[PDB]
Amino acid sequence: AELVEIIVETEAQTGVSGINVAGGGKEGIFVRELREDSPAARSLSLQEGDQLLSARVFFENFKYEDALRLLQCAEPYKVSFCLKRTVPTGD
Amino acid sequence: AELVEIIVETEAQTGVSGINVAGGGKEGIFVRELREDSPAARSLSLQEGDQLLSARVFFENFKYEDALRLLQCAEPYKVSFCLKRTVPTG
């Protein structure tokens, strides 16, 4: 009974990370006040007060500089990658 | 002998640096050089020439300004969040 929390995976979109966030450290990162009627808001997924567990960032059409900056930014933290590779043999 | 393509999601690891990349844009991002002795080369999760489709960054113990810099950096691109929300029961 009592406390129940839903874990949601939002639909990947462009410009949804332009939100404002709060907290940090061991507290966690939470979404602060939603800017008015922006694309990030109008997607029914993201809401004020939500705790962000993780961000999945897609490298599609990425500027090299921005890739470097992103990686540099996430270096000290916990990160997993989704990669495409070519070799044998896993049969 | 026969070459094939695989998509891999690496095991989440904390503090992986030493990843050097090349390319961008319509081409995409590729792993070029794994820095010697870096936690990246000791991770073995990554190989050179591999394309990075996406990076999943965890907000566990994240310092505020770093999270800011991250989201600022990712604004022009495609992003999905994994979030936790409370409900009425529900």
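Checked against the criterion of being touching a residue at least 12 places away in the same chain (Cβ under 8 Å), within 7 Å of chain A (Cβ to nearest Cβ) and within 20 Å of A:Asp66 (Cα to Cα), segment B:30-40 has no qualifying residue. Pairs meeting the criteria (first residue in segment B:61-72 and farther than 13 Å from A:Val57 by Cα, second residue loosely packed, with under 14 Cβ neighbours inside 10 Å, beta carbons under 7 Å, at least 6 apart or on different chains) are B:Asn61/A:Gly25; B:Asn61/A:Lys26; B:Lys63/A:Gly25. The combined condition, being of a type in the set (A, V, I, L, M), in contact with a strand residue (DSSP E or B) (Cβ under 9 Å, 6 or more places away or on another chain), facing chain A (nearest Cβ under 7 Å) and surrounded by fewer than 16 Cβ atoms within 10 Å (Cβ to Cβ), is not fulfilled by B:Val21. From the list B:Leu52, B:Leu70, the one residue that fits, being touching a helix residue (DSSP H, G or I) at 6+ places or on another chain (Cβ under 9 Å), within 7 Å of chain A (Cβ to nearest Cβ) and within 14 Å of A:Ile29 (Cβ to Cβ), is B:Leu70. Consider B:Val16 carefully, then state whether it is free of Cβ contacts under 8 Å to residues at least 24 places away in the same chain and facing another protein chain (nearest Cβ under 7 Å). No. Criterion first (over 27 Å from A:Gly23 (Cβ atoms) and surrounded by 15 or more Cβ atoms within 10 Å (Cβ to Cβ)) does A:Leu53 satisfy it? Against the criterion (over 27 Å from A:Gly23 (Cβ atoms) and surrounded by 15 or more Cβ atoms within 10 Å (Cβ to Cβ)), A:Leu53 does not qualify. If you check B:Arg35, B:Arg69 for being of a type outside the set (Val, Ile, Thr) and exposed (fewer than 14 other Cβ atoms within 10 Å of the Cβ), only one passes: B:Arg35.
Each value in this text was obtained by applying a stated rule to the coordinates, not by laboratory testing. Methodologically, a virtual Cβ is constructed for each residue, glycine included, from the backbone with ideal geometry; neighbour enumeration extends over all protein chains shown.
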